[PDB]
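Asker: One structure, as structure tokens, below. Some questions next.
Here the Cβ positions follow ideal geometry from the backbone for every residue, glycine too, while neighbour counts run over all protein chains shown. Please treat every number below as a calculation from the coordinates, not as lab data.
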Amino acid sequence: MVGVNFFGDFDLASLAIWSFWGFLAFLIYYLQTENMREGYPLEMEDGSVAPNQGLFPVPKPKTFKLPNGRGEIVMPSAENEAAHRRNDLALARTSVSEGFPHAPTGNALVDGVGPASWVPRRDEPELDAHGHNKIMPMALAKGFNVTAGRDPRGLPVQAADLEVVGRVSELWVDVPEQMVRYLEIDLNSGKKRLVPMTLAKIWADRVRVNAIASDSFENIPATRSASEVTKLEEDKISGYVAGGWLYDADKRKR
Amino acid sequence: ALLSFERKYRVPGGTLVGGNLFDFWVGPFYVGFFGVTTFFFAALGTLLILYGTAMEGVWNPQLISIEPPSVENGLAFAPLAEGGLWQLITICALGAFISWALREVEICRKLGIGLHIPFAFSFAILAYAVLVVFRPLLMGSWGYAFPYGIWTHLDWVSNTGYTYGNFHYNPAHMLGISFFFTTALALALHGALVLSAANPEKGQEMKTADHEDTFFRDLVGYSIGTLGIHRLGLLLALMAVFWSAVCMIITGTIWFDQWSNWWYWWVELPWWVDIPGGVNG
Amino acid sequence: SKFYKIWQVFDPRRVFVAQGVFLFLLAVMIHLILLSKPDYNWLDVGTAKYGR
Amino acid sequence: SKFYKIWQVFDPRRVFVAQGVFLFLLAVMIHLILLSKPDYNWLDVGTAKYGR
Amino acid sequence: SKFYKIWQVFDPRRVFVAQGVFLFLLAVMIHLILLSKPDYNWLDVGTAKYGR
Amino acid sequence: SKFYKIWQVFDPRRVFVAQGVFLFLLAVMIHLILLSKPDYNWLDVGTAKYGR
Amino acid sequence: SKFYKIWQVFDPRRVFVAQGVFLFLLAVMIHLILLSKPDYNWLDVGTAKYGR
Amino acid sequence: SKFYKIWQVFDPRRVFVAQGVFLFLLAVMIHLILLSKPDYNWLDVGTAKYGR
Amino acid sequence: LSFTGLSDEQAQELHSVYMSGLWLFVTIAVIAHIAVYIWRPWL
Amino acid sequence: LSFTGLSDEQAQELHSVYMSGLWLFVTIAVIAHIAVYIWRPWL
Amino acid sequence: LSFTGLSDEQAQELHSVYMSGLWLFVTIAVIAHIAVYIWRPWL
Amino acid sequence: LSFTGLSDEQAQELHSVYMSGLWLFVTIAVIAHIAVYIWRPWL
Amino acid sequence: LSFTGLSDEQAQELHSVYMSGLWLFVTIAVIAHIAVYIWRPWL
Amino acid sequence: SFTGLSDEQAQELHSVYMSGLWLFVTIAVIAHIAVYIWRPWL
Amino acid sequence: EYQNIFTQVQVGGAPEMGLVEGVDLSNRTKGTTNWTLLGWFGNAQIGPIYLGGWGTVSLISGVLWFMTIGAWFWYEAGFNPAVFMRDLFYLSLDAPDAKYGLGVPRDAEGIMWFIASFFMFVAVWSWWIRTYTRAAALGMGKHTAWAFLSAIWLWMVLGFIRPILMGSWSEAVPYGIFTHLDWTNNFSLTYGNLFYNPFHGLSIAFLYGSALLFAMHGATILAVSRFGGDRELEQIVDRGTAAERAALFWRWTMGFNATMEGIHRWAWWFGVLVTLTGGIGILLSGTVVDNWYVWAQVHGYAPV
Ligand code: BCL
Ligand SMILES: COC(C)(C)C/C=C/C(C)=C/C=C/C(C)=C/C=C/C(C)=C/C=C/C=C(C)/C=C/C=C(\C)CC/C=C(\C)CCC=C(C)C
Ligand SMILES: COC(C)(C)C/C=C/C(C)=C/C=C/C(C)=C/C=C/C(C)=C/C=C\C=C(C)\C=C\C=C(/C)CC/C=C(\C)CCC=C(C)C
Ligand SMILES: COC(C)(C)C/C=C/C(C)=C/C=C/C(C)=C/C=C\C(C)=C\C=C\C=C(C)\C=C\C=C(/C)CC/C=C(\C)CCC=C(C)C
Ligand SMILES: COC(C)(C)C\C=C/C(C)=C/C=C/C(C)=C/C=C/C(C)=C/C=C\C=C(C)\C=C/C=C(\C)CC/C=C(\C)CCC=C(C)C
Ligand SMILES: [Fe+2]
């Protein structure tokens, strides 16, 4: 089939490349549609549905069957967008026109806006396949010990202000994945607060948390329970800590 | 324009240069100092390419080629019809890439996420630079840089390579190829696993990371993990680009002969040199 | 002398393993050196001596 | 007279597996050395002796 | 003798698997070495005997 | 004899599938070897026998 | 005569699939082998026979 | 002098290990660069001295 | 005894059907081979 | 006694039928080898 | 002591069967080698 | 003492039989080397 | 001590056995070197 | 300091270290000047 | 300021042996080793592993393939280990000669290549079935198998399919390190310049896109790992701020974005398309097109 043109210079290779262009167009359509199972329909800064919703249509709902009796999640669904919707946000318009920032009205860390934002996830812990809780304190994880690396437990916690706020007490560990997720801190004020390991750097003599200063460690969201942490609490905590890279920069030193 | 959840994240801050100035959005795009700068540079470079192919008389986008200056011109700025346009386009491309990366920095520090993405982009920027700035400088001319054409920079690839016999025999080239192949393999496998867990067989509940770890352990006896696979692929791509930049920076600056003759030091090792038999004996 | 405490510092397992590997590779290297030379090669030397 | 004690330092299974592998591969390498030389290659020597 | 305690040190099924694999690969090695040599190649030698 | 105790240490499924694949591959390999040799190629031999 | 117990060791839903795949690939391989031969290629030989 | 305090900071095991490795590599390189010297090669020298 | 979860009578049934199918397959193959031999013998 | 858990009776009958099959395979192989040797000897 | 927790009696009968099989394999190999030396020696 | 855990008596037995095997092996190897040296000397 | 935990008695026993083995090894090696020096001197 | 228990054991350890090094280096110099006389390089 | 590239603290307990979802626990091993060097990057648990019929078949066949190649290597070296280690990358079990066409080769090198390739066929397809069944047992999708099938498609095009259409096993790939590089180079040379193959360019586009995409995606997850991004299956059904911040970074950067489920479809497709397009391109070379530069000249992307 060399030099065998159906018409003109059109042989099996041209047929193939044009067929691929078609398949690729269809595939881009499929992928961009499947990327629309979250975040849609589009909104205004006022919260209303926008006149423009896109050039690819939002696809048909699929259903996720959840283990552990947790139910069925439909994507896209108005129920999923309503459950993950923040209400009564503490933000003020910077301008009447669109495309301009929204300014926090109070303490954006406490009010959970901007990089300190959190999503209203379900107030239920993340579970493993057996139905147990995925994140546990290492005391409740039977068999777990520090196989390698530095043990942070007992180390003082230095903040962005270069001041010390307390000492590490316990390690919250992902049991199926065998890794540290949060380290708990005994604050000098008599309170226990969680902090993500990804935002804590273990030195030989200290644990440095440069995100937030000493003022913010006290207002960190607490867990209703001391043995378990919910997805919601996790999101609140991690947002609060991360927001300090912006809202605690004037205090940060060195 | 806004996603259902985008409002609470649209706050002020996260700017390296300018404050209130240039802190706004054009639709979805965030435009700051570096958004402005990269738009300017990108539009100027595009228009320069279009004018260059107009001068040449070529409007088929598959034959457009803006070639560099000659090797005789050296490092000097050439007539715009003889390579100055390539030079301006290269300046604009560098500026646009760097401004894109710094815009990503601004966006990251506005969102509160880590700066891994501009770091990873910097590797590709640096490889492009190795190709059009640094290796030409060490070689003494911009004529060794690749042209801005869809199918002509492939001619540059081929000829640059065959100037050293088969370029397959460069060892850093080998490492780059291996890392690229492994990156593609790992991406395919990661997508496959996440989708197999999230979209399982009809009539079955959604799976967890336990099922993924178990699948890959039953398959090959090891699972690197959810965080490990991401660290791994990131580093794989970065090492691929690093070893490509190495293969090219040494190619006509420290090496000048065919790359196949490099390996003959292990053949000429004085204890098995003259043994008879095999390919080299 | 007082050398016996080297066991109070070193693990006999690891040190014995490394010593064995080292001795073996050293002997291999020496034998291969001797073979590298047309002389001191006992095989070709015997071939010459016995006329085979 | 005291070498029996080594079995308190080393696990017999690991030692035995390593010994087996080492001996087999050593013997193979020596046989291949011999077979690679026209002399000491017992097969060619035998082909010659009986003139076949 | 008392070799039978080799079954007290390590496990039978693993050694049996290893033994099968090893003996098979070794026998194939030897058959192929014999085939590599025009002499001891029983196929071509039989071809030559009966005139074929 | 007592060979029947090999099933007290081997699982029949494993040994059976392994044995099957082993035998199939060995048979295919021997047949291919025979086809590689212009002699013992039963197809060409039959071709020449009947004059075709 | 007690070969029915093979179905007490393997389950048929996988065995039949494996067997069908194996048989199809085997038939394909044999047909291909024969087509590779002008003497047992039935298309070319029918051609030569009927004068076309 | 008062050099006995070097071990208060340094780990004896790691120092000993690195020392051994470095000393062996050093002596190896010395012997090797002598072997490369035609005049100092004790092997070629013993070859020349005697008849062989 | 059984690792798959089948009786002896279940296995007898399964094997009876399997053997009938096998012998059908083999009869077809045998007739085909006889034909080919008569047409172009290889032995 | 048993790593697999099989009884000496189970293993006995299993080895019995196994050897039946092996001897069948070996008999077919021997017949084929005799036929081929008569056809084209190799040793 | 017994790293596989296997007695002396079990290990002893195990070795008995193992060595019986060993000697069978070996004597077949020896017969083959005798024949091979007879039709084409190598030493 | 014993990093492995074995007793002195168990170690003595292990080493006794280990030496038995080693000396049988070296015996076969010595006989083979004598045979070769007679057949084709190397030194 | 705190690096491996042994005691002077244990370490002396271990050094005794070790030096016995080493002296035997080096005696074998010197015998071999002497034989080689006779066969092919290298001074 | 960094070891925490070498304050005095360091004396023992440096003593044995010195003895071993002295043996090593006396052997090494013997060999060196033997080589010098057998073949001198300077 | 901690980039999460390496783990600071390792923890562990009893080994995660696995989940029972349809799996035969008898064919799965019971041995596991933890290795800390891997813990600084990924997980340290080595094992367990499933040992079944398909894996057994694939292991046997692949070991035989490897050993056949190595045996030819030993023959080509004259049984000299020194020449084996000297010429290791230069030795090769080469594809049959053209004189044999497609028939069973009548040479030692050629029949050895044929039988090694038979073993390779068996091993690769057995491993495909292994993947399919290991997913089916855990009630997981077959995406891994359908992805492996694209690589198998290219491997087949190279070794089995295209040699048949072109009419010779000499067109297939030899078993050697440098010889298969030489095969690629000579393939490009024989058919114009393989750069000017459009499907080759597409395969390259998708290869480069795989690295672009994984760099983007891994940098994203490590950037949002502080919010739990690495736990993607829980972000898919219970969206958190990690997914939202990732999506928003990419929307603000380049206008459009994906979901936590939806970027893995991009990943899967960029993966498989490399080998799909490459296989098509290799098929078309020699069978439909003898020169690719002249084809480009005729079809408007090479100057005349
Ligand atoms: C001089 C060289 C020629 C050239 C000639 C070729 C040829 C010829 C081919 C390509 C092919 C490719 N080339 Mg090239 N190539 C050139 C120029 C380039 C340049 C460049 C910048 O210059 C680039 C970036 C590329 C890029 C590529 C890839 C995009 C593509 C192969 C993809 C792949 O993953 O294959 C690798 C993946 C596989 C082979 C799949 C393997 C799957 C199997 C099943 C593996 C099983 C494993 C086995 C059993 C052993 C396992 C071991 C143990 C388990 C550990 N080439 C030049 C022009 N190139 C290939 C292609 O796709 O054609 C279009 C191809 O055949
Ligand atoms: C490349 O240069 C060349 C090769 C040419 C020259 C170099 C040559 C070199 C480097 C040669 C080196 C040779 C060496 C180091 C040889 C060492 C040989 C040894 C140590 C051999 C040991 C053999 C041991 C044997 C055969 C043991 C057999 C044991 C048994 C059968 C049973 C053992 C286990 C039992 C009984 C377990 C009982 C259990 C209980 C609980 C009591
Ligand atoms: C020390 O040495 C020992 C012996 C111990 C072990 C060493 C082994 C060594 C050194 C092995 C080396 C192996 C190497 C270097 C292998 C390299 C392989 C490479 C680079 C292969 C590249 C490409 C191969 C491809 C694409 C193969 C494709 C094959 C197929 C699609 C098979 C299709 C089937 C064919 C051709 C015919 C057979 C089919 C039937 C039905 C009979
Ligand atoms: C590369 O150089 C070449 C290869 C050319 C030359 C050199 C080759 C070399 C050095 C080869 C050396 C080979 C060696 C040393 C082989 C020596 C002996 C071997 C490994 C013999 C083993 C035989 C074992 C067999 C046949 C086992 C048979 C077992 C059975 C029949 C029964 C299996 C177990 C049962 C029934 C269970 C027992 C009872 C209970 C209750 C568990
Ligand atoms: C062509 O020439 C070019 C340009 C290439 C270079 C030319 C000239 C150069 C590069 C000249 C360089 C000269 C230098 C670097 C001079 C100084 C070198 C030194 C300081 C070397 C390094 C180490 C020396 C040491 C460690 C010597 C003795 C040290 C000790 C005994 C201290 C150990 C400490 C103990 C025991 C502390 C115990 C006490 C307590 C309380 C724990
Ligand atoms: Fe992911």
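Asker: What pairs can you find where one residue is in segment O:226-252 and facing chain B (nearest Cβ under 7 Å) and farther than 18 Å from A:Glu81 by Cα, the other is aromatic (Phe, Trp, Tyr) and outside any helix (DSSP H, G or I), and their Cβ atoms are less than 6 Å apart, with a gap of 6+ or different chains?
Answerer: Pairs found: O:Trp252/B:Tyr30.
Asker: Listed residues B:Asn170, B:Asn159; which is in contact (Cβ under 8 Å) with a residue 60 or more places away in the chain and more than 7 Å from chain O (Cβ to nearest Cβ)?
Answerer: Unique residue meeting the criteria: B:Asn170.
Asker: What single numbered condition from (1) within 20 Å of A:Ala129 (Cα to Cα); (2) assigned to a helix (DSSP H, G or I); (3) more than 7 Å from every other protein chain (Cβ to nearest Cβ); (4) of a type outside the set (S, T, N, Q) fails to hold for B:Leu227?
Answerer: Of everything listed in (1) within 20 Å of A:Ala129 (Cα to Cα); (2) assigned to a helix (DSSP H, G or I); (3) more than 7 Å from every other protein chain (Cβ to nearest Cβ); (4) of a type outside the set (S, T, N, Q), B:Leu227 misses just condition (3).
Asker: Looking at this structure, is B:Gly281 over 31 Å from the mean Cα position of the chain (by Cα) and either part of a helix (DSSP H, G or I) or not aliphatic (A, V, I, L, M) (or both)?
Answerer: It is true that B:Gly281 is over 31 Å from the mean Cα position of the chain (by Cα) and either part of a helix (DSSP H, G or I) or not aliphatic (A, V, I, L, M) (or both).
Asker: Next up: What number of residues in segment O:3-37 are under 24 Å from O:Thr131 (Cβ atoms) and assigned to a loop (DSSP other than H, G, I, E, B)?
Answerer: The qualifying residues number 17.
Asker: Of the numbered conditions (1) under 17 Å from O:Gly47 (Cβ atoms); (2) among the small types (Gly, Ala, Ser); (3) buried (at least 24 other Cβ atoms within 10 Å of the Cβ), B:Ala209 fails exactly one; give the number of that condition.
Answerer: Just one mismatch for B:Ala209, condition (1).
Residue-wise test of (1) at the interface with another protein chain (Cβ under 10 Å from one of its Cβ atoms); (2) away from ligand 2 (no atom under 16 Å from the Cβ).
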site	(1), (2)
K:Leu1	yes, no
K:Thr4	yes, no
K:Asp8	yes, no
K:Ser16	yes, no
K:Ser20	yes, yes
K:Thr27	no, yes
K:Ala32	no, yes
K:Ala35	yes, yes
K:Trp42	yes, yes
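Asker: Looking only at segment O:33-66, how many residues end up being aliphatic (A, V, I, L, M), touching a residue at least 40 places away in the same chain (Cβ under 8 Å) and in contact with a strand residue (DSSP E or B) (Cβ under 6 Å, 6 or more places away or on another chain)?
Answerer: 0
Asker: Considering M:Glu13, M:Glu9, which residue is surrounded by 15 or more Cβ atoms within 10 Å (Cβ to Cβ), out of contact with any helix residue (DSSP H, G or I) (no Cβ under 6 Å at 6 or more places or on another chain) and among the acidic types (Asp, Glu)?
Answerer: M:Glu13
Asker: Turning to a different aspect of this structure: Could you go through segment A:66-82 and let me know if any residue there is under 29 Å from B:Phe24 (Cα atoms), crowded, with 16+ Cβ neighbours inside 10 Å and of a type outside the set (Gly, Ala, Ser).
Answerer: First pass over segment A:66-82, keeping only residues under 29 Å from B:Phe24 (Cα atoms): A:81-82.
Within this subset, residues satisfying the condition of being crowded, with 16+ Cβ neighbours inside 10 Å are A:81.
Of the ones still in play, those that are also of a type outside the set (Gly, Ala, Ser) are A:81.
The answer is yes, given that some residue of segment A:66-82 is under 29 Å from B:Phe24 (Cα atoms), crowded, with 16+ Cβ neighbours inside 10 Å and of a type outside the set (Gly, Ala, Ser).
Asker: Now for a different question. Wholly within segment A:16-123, which strands (runs of 3 or more DSSP E) include no fewer than the required count, namely at least 1 residues that are farther than 21 Å from O:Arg245 by Cα and in contact with a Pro (Cβ under 6 Å, 6 or more places away or on another chain)? Break it down stepwise before answering.
Answerer: On the way: elements: A:62-66, A:71-75, A:91-93, A:102-104.
Fully inside segment A:16-123 and qualifying: A:71-75.
Asker: Only one of these conditions is not met by B:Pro147: (1) more than 7 Å from every other protein chain (Cβ to nearest Cβ); (2) closer than 22 Å to O:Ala215 by Cβ. Which number is it?
Answerer: (2)
A quick yes/no check of all residues on (1) within 10 Å of chain B (Cβ to nearest Cβ); (2) away from ligand 3 (no atom under 15 Å from the Cβ); (3) among the acidic types (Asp, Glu):
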residue: O:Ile129; (1), (2), (3): no, yes, no
residue: O:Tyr132; (1), (2), (3): no, yes, no
residue: O:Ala135; (1), (2), (3): yes, yes, no
residue: O:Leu149; (1), (2), (3): no, no, no
residue: O:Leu194; (1), (2), (3): yes, yes, no
residue: O:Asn197; (1), (2), (3): no, yes, no
residue: O:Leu202; (1), (2), (3): no, yes, no
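Asker: Working carefully through the options B:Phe181, B:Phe215, find the one that is of a type outside the set (D, E, K, R), within 7 Å of chain O (Cβ to nearest Cβ), free of Cβ contacts under 8 Å to residues at least 24 places away in the same chain and not in a loop (DSSP other than H, G, I, E, B).
Answerer: Checking each option against the conditions leaves just B:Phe215.
Asker: Mind checking whether some residue in segment O:82-93 is surrounded by 18 or more Cβ atoms within 10 Å (Cβ to Cβ), within 30 Å of O:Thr179 (Cα to Cα), acidic (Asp, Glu) and at the interface with chain B (Cβ under 9 Å from one of its Cβ atoms)?
Answerer: yes
Asker: Against the condition facing chain B (nearest Cβ under 10 Å) and surrounded by 15 or more Cβ atoms within 10 Å (Cβ to Cβ), how does A:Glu34 come out, does it pass?
Answerer: For A:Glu34, the condition - facing chain B (nearest Cβ under 10 Å) and surrounded by 15 or more Cβ atoms within 10 Å (Cβ to Cβ) - is not met.
Asker: Which one of the conditions (1) surrounded by 14 or more Cβ atoms within 10 Å (Cβ to Cβ); (2) near ligand 4 (Cβ under 9 Å from one of its atoms) does E:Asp11 fail to meet, given that it meets all the rest?
Answerer: If we test E:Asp11 against (1) surrounded by 14 or more Cβ atoms within 10 Å (Cβ to Cβ); (2) near ligand 4 (Cβ under 9 Å from one of its atoms), just (2) comes out false.
Asker: Which one of these is without any contact (Cβ under 8 Å) to a residue 60 or more places away in the chain and on the phi > 0 side of the Ramachandran plot: B:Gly221, B:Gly165?
Answerer: Result: B:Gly221 is the single residue among B:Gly221, B:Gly165 that is without any contact (Cβ under 8 Å) to a residue 60 or more places away in the chain and on the phi > 0 side of the Ramachandran plot.
Table: residues versus (1) more than 29 Å from O:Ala302 (Cα to Cα); (2) touching an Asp or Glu at 6+ places or on another chain (Cβ under 9 Å); (3) among the polar types (S, T, N, Q).
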{"position": "B:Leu137", "(1), (2), (3)": "yes, no, no"}
{"position": "B:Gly149", "(1), (2), (3)": "no, yes, no"}
{"position": "B:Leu154", "(1), (2), (3)": "no, no, no"}
{"position": "B:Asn166", "(1), (2), (3)": "no, yes, yes"}
{"position": "B:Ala172", "(1), (2), (3)": "yes, no, no"}
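Asker: Inspect all residues belonging to segment O:131-138 and state whether any of them is surrounded by fewer than 21 Cβ atoms within 10 Å (Cβ to Cβ), more than 16 Å from ligand 5 (Cβ to nearest atom), part of a strand (DSSP E or B) and under 24 Å from the mean Cα position of the chain (by Cα).
Answerer: The answer is no, given that none of the residues of segment O:131-138 is surrounded by fewer than 21 Cβ atoms within 10 Å (Cβ to Cβ), more than 16 Å from ligand 5 (Cβ to nearest atom), part of a strand (DSSP E or B) and under 24 Å from the mean Cα position of the chain (by Cα).
Asker: Those residues that are aliphatic (A, V, I, L, M) and farther than 13 Å from C:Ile6 by Cα, I need them from segment N:4-26; list them, please.
Answerer: N:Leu5, N:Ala10, N:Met18, N:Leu21, N:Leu23, N:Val25
Asker: For segment O:38-61, state whether one or more residues are part of a helix (DSSP H, G or I) and farther than 30 Å from B:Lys207 by Cα.
Answerer: The answer is yes; a qualifying residue exists.
Asker: Out of B:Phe97, B:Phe119, which single residue is under 29 Å from O:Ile236 (Cβ atoms) and more than 14 Å from chain A (Cβ to nearest Cβ)?
Answerer: Only one candidate passes the filter, namely B:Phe119.
Asker: Right, another one. Cβ-Cβ under 7 Å, sequence separation 6+ or interchain: first residue in segment B:40-63 and loosely packed, with under 14 Cβ neighbours inside 10 Å, partner not β-branched (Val, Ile, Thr). Which pairs?
Answerer: Here the result reads B:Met55/B:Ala81; B:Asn60/O:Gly300, each pair linking segment B:40-63 to a residue that is not β-branched (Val, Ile, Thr).
Asker: Looking at F:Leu25, F:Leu35, which is the one that is under 30 Å from K:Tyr18 (Cβ atoms) and away from chain J (no Cβ under 12 Å)?
Answerer: F:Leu25
Asker: Part of a helix (DSSP H, G or I), on the phi < 0 side of the Ramachandran plot and within 15 Å of ligand 1 (Cβ to nearest atom), is that true of O:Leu283?
Answerer: Yes.
Asker: Next question, about the same structure. Conditions: (1) hydrophobic (A, V, I, L, M, F, W, C); (2) within 19 Å of I:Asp8 (Cα to Cα); (3) surrounded by fewer than 13 Cβ atoms within 10 Å (Cβ to Cβ). G:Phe3 meets all but one. Number of the miss?
Answerer: Against the list (1) hydrophobic (A, V, I, L, M, F, W, C); (2) within 19 Å of I:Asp8 (Cα to Cα); (3) surrounded by fewer than 13 Cβ atoms within 10 Å (Cβ to Cβ), G:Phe3 comes up short only on (3).
Asker: Out of the residues in segment A:83-105 that are under 18 Å from A:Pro41 (Cβ atoms) and in contact (Cβ under 8 Å) with a residue 24 or more places away in the chain, which is surrounded by the fewest Cβ atoms within 10 Å (Cβ to Cβ)? I'd like the intermediate steps shown before the answer.
Answerer: We begin by selecting, within segment A:83-105, every residue under 18 Å from A:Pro41 (Cβ atoms); these are A:83-87, A:98.
From the residues that got through so far, the ones that are in contact (Cβ under 8 Å) with a residue 24 or more places away in the chain too are A:83-86, A:98.
Numbers: A:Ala83: 15, A:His84: 21, A:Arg85: 13, A:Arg86: 15, A:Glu98: 15.
Checking each candidate, the answer is A:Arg85.
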